[PDB]
Amino acid sequence: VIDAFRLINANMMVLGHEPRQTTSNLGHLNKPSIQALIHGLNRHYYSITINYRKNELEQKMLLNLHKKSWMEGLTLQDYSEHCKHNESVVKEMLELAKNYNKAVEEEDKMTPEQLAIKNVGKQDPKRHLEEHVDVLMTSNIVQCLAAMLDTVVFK
Amino acid sequence: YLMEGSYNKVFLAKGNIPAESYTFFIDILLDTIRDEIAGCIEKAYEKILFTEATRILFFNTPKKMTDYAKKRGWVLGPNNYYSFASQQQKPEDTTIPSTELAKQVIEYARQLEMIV
């Protein structure tokens, strides 16, 4: 949020130039400031419009956010830190699984209005088996490639 | 007998005489049979006596068996000694996998990222 404003000669407005404070700006409409913009836009100031100038040198500068020549791919988490991770998740899989069977028996015997408003204990449904598998997998696959890649790279 | 290596197939190449035209032509096969037999024996044993090798490849003489113990490259001590070529150098290197398995992993990623 960033606007711009310029006062307008309120005196000249009273004198008949009230429909004569219209400089030719484009437009795009505002509201929540209609508080003081109803005599702001239409008595005290008006709305200028904002732009930017996205240089290519500044853009190639900010674009930087990671120095990776020591980050991933030249590293990999600890292989005893990484089994303790799998352990936990793939057990949570079990807990959620059971509730998943209990949800597939319910949904069958109910109309979508009652499965719609079902927002008590979101732990039951698909949403958490997906939430998991995509972290688990991710991890691991790549978990996966990192080991292999280094075997040839630092061969 | 040919497809599943069983021998006694050189013996039955003169016993299939009920039709003589069989015994005229089948003689050709007997030069492949010796080759497969020695192909397995190159791995199956490591010390046998010489006269036994003469009894296995279906030769009668010692001379022939010298020539064929020279083509495969064996030595002629008191018993005909073998060279280990079954698993001379093991596949104890997953450095050879290395690149290939990394290709595979990448592939899985492609299937989990593609827009389907």
# chains A, B, ... in the order shown; residues from 1 in each chain; ligands from 1
call {"tool": "interface_residues", "arguments": {"of": "chain B", "to": "chain A", "cutoff": "10 Å", "atoms": "only C-alpha atoms", "output": "PDB file with N, CA, C and O atoms, in the first residue's frame"}}
result
ATOM      1  N   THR B  94      29.869 -50.226  -6.501  1.00  0.00           N
ATOM      2  CA  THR B  94      28.674 -49.456  -6.811  1.00  0.00           C
ATOM      3  C   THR B  94      29.025 -48.062  -7.313  1.00  0.00           C
ATOM      4  O   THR B  94      28.134 -47.227  -7.517  1.00  0.00           O
ATOM      5  N   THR B  95      30.318 -47.784  -7.470  1.00  0.00           N
ATOM      6  CA  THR B  95      30.745 -46.627  -8.234  1.00  0.00           C
ATOM      7  C   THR B  95      30.314 -46.744  -9.693  1.00  0.00           C
ATOM      8  O   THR B  95      30.134 -45.725 -10.369  1.00  0.00           O
ATOM      9  N   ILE B  96      30.124 -47.968 -10.187  1.00  0.00           N
ATOM     10  CA  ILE B  96      29.701 -48.193 -11.572  1.00  0.00           C
ATOM     11  C   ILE B  96      28.208 -47.861 -11.667  1.00  0.00           C
ATOM     12  O   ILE B  96      27.801 -47.149 -12.598  1.00  0.00           O
ATOM     13  N   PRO B  97      27.340 -48.372 -10.743  1.00  0.00           N
ATOM     14  CA  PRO B  97      25.990 -47.802 -10.595  1.00  0.00           C
ATOM     15  C   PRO B  97      25.987 -46.281 -10.573  1.00  0.00           C
ATOM     16  O   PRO B  97      25.503 -45.648 -11.518  1.00  0.00           O
ATOM     17  N   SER B  98      26.534 -45.704  -9.496  1.00  0.00           N
ATOM     18  CA  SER B  98      26.630 -44.262  -9.283  1.00  0.00           C
ATOM     19  C   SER B  98      25.781 -43.439 -10.254  1.00  0.00           C
ATOM     20  O   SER B  98      24.663 -43.041  -9.919  1.00  0.00           O
ATOM     21  N   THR B  99      26.297 -43.190 -11.462  1.00  0.00           N
ATOM     22  CA  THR B  99      25.587 -42.349 -12.427  1.00  0.00           C
ATOM     23  C   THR B  99      24.188 -42.887 -12.728  1.00  0.00           C
ATOM     24  O   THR B  99      23.212 -42.125 -12.770  1.00  0.00           O
ATOM     25  N   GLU B 100      24.068 -44.198 -12.927  1.00  0.00           N
ATOM     26  CA  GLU B 100      22.815 -44.768 -13.414  1.00  0.00           C
ATOM     27  C   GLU B 100      21.694 -44.599 -12.396  1.00  0.00           C
ATOM     28  O   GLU B 100      20.599 -44.111 -12.721  1.00  0.00           O
ATOM     29  N   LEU B 101      21.956 -44.980 -11.150  1.00  0.00           N
ATOM     30  CA  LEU B 101      20.939 -44.841 -10.120  1.00  0.00           C
ATOM     31  C   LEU B 101      20.546 -43.377  -9.916  1.00  0.00           C
ATOM     32  O   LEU B 101      19.378 -43.083  -9.619  1.00  0.00           O
ATOM     33  N   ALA B 102      21.487 -42.445 -10.103  1.00  0.00           N
ATOM     34  CA  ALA B 102      21.156 -41.026  -9.994  1.00  0.00           C
ATOM     35  C   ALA B 102      20.212 -40.595 -11.111  1.00  0.00           C
ATOM     36  O   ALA B 102      19.251 -39.840 -10.872  1.00  0.00           O
ATOM     37  N   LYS B 103      20.448 -41.076 -12.332  1.00  0.00           N
ATOM     38  CA  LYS B 103      19.447 -40.897 -13.380  1.00  0.00           C
ATOM     39  C   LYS B 103      18.073 -41.346 -12.897  1.00  0.00           C
ATOM     40  O   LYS B 103      17.092 -40.594 -12.984  1.00  0.00           O
ATOM     41  N   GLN B 104      17.981 -42.576 -12.378  1.00  0.00           N
ATOM     42  CA  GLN B 104      16.684 -43.096 -11.936  1.00  0.00           C
ATOM     43  C   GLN B 104      16.007 -42.166 -10.930  1.00  0.00           C
ATOM     44  O   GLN B 104      14.835 -41.795 -11.091  1.00  0.00           O
ATOM     45  N   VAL B 105      16.722 -41.807  -9.861  1.00  0.00           N
ATOM     46  CA  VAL B 105      16.152 -40.908  -8.858  1.00  0.00           C
ATOM     47  C   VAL B 105      15.575 -39.669  -9.543  1.00  0.00           C
ATOM     48  O   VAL B 105      14.390 -39.324  -9.377  1.00  0.00           O
ATOM     49  N   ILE B 106      16.397 -38.999 -10.361  1.00  0.00           N
ATOM     50  CA  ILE B 106      15.901 -37.844 -11.110  1.00  0.00           C
ATOM     51  C   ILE B 106      14.584 -38.177 -11.801  1.00  0.00           C
ATOM     52  O   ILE B 106      13.632 -37.383 -11.793  1.00  0.00           O
ATOM     53  N   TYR B 108      12.148 -40.416 -11.083  1.00  0.00           N
ATOM     54  CA  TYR B 108      11.040 -40.348 -10.134  1.00  0.00           C
ATOM     55  C   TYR B 108      10.622 -38.904  -9.930  1.00  0.00           C
ATOM     56  O   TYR B 108       9.437 -38.565 -10.038  1.00  0.00           O
ATOM     57  N   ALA B 109      11.591 -38.029  -9.647  1.00  0.00           N
ATOM     58  CA  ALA B 109      11.241 -36.627  -9.439  1.00  0.00           C
ATOM     59  C   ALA B 109      10.419 -36.080 -10.607  1.00  0.00           C
ATOM     60  O   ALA B 109       9.406 -35.395 -10.401  1.00  0.00           O
ATOM     61  N   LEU B 112       6.882 -37.037 -10.234  1.00  0.00           N
ATOM     62  CA  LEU B 112       6.205 -36.356  -9.135  1.00  0.00           C
ATOM     63  C   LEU B 112       6.094 -34.856  -9.343  1.00  0.00           C
ATOM     64  O   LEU B 112       5.503 -34.177  -8.500  1.00  0.00           O
TER      65      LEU B 112
END
call {"tool": "select_by_dssp", "arguments": {"residues": "stretch 46-86 of chain B", "states": "alpha helix (DSSP H)", "output": "count of residues only"}}
result
17
call {"tool": "residues_around", "arguments": {"residues": "stretch 115-129 of chain A", "least_positions_apart": "6", "cutoff": "10 Å", "atoms": "only C-alpha atoms", "output": "mmCIF file with C-alpha atoms, in the first residue's frame"}}
result
data_model
loop_
_atom_site.group_PDB
_atom_site.id
_atom_site.type_symbol
_atom_site.label_atom_id
_atom_site.label_comp_id
_atom_site.auth_asym_id
_atom_site.auth_seq_id
_atom_site.Cartn_x
_atom_site.Cartn_y
_atom_site.Cartn_z
ATOM 1 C CA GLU A 92 2.213 -41.295 12.160
ATOM 2 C CA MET A 93 1.162 -42.895 8.851
ATOM 3 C CA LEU A 94 -0.204 -45.825 10.844
ATOM 4 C CA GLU A 95 -2.145 -43.669 13.277
ATOM 5 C CA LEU A 96 -3.752 -41.700 10.449
ATOM 6 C CA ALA A 97 -4.399 -44.843 8.366
ATOM 7 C CA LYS A 98 -6.781 -46.358 10.910
ATOM 8 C CA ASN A 99 -8.904 -43.209 11.116
ATOM 9 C CA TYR A 100 -8.853 -43.240 7.303
ATOM 10 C CA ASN A 101 -10.669 -46.563 7.149
ATOM 11 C CA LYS A 102 -13.153 -45.231 9.707
ATOM 12 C CA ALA A 103 -13.754 -42.221 7.436
ATOM 13 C CA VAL A 104 -14.274 -44.317 4.307
ATOM 14 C CA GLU A 106 -18.722 -43.001 7.152
ATOM 15 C CA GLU A 107 -18.644 -40.976 3.931
#
call {"tool": "residues_around", "arguments": {"residues": "residue A:85", "least_positions_apart": "3", "cutoff": "12 Å", "atoms": "only C-alpha atoms", "output": "list in words"}}
result
residues 77, 78, 79, 80, 81, 82, 88, 89, 90, 91, 92, 132, 135, 136, 137, 139, 140 and 143 of chain A
call {"tool": "residues_around", "arguments": {"residues": "stretch 35-50 of chain B", "least_positions_apart": "6", "cutoff": "10 Å", "atoms": "only C-alpha atoms", "output": "VMD selection string"}}
result
chain B and resid 2 5 to 7 56 to 57 62 65 to 66 68 to 69 72 74 76 to 87
call {"tool": "select_by_dssp", "arguments": {"residues": "chain A", "states": "strand (DSSP E)", "output": "ChimeraX atom specification"}}
result
/A:5-7,45-47
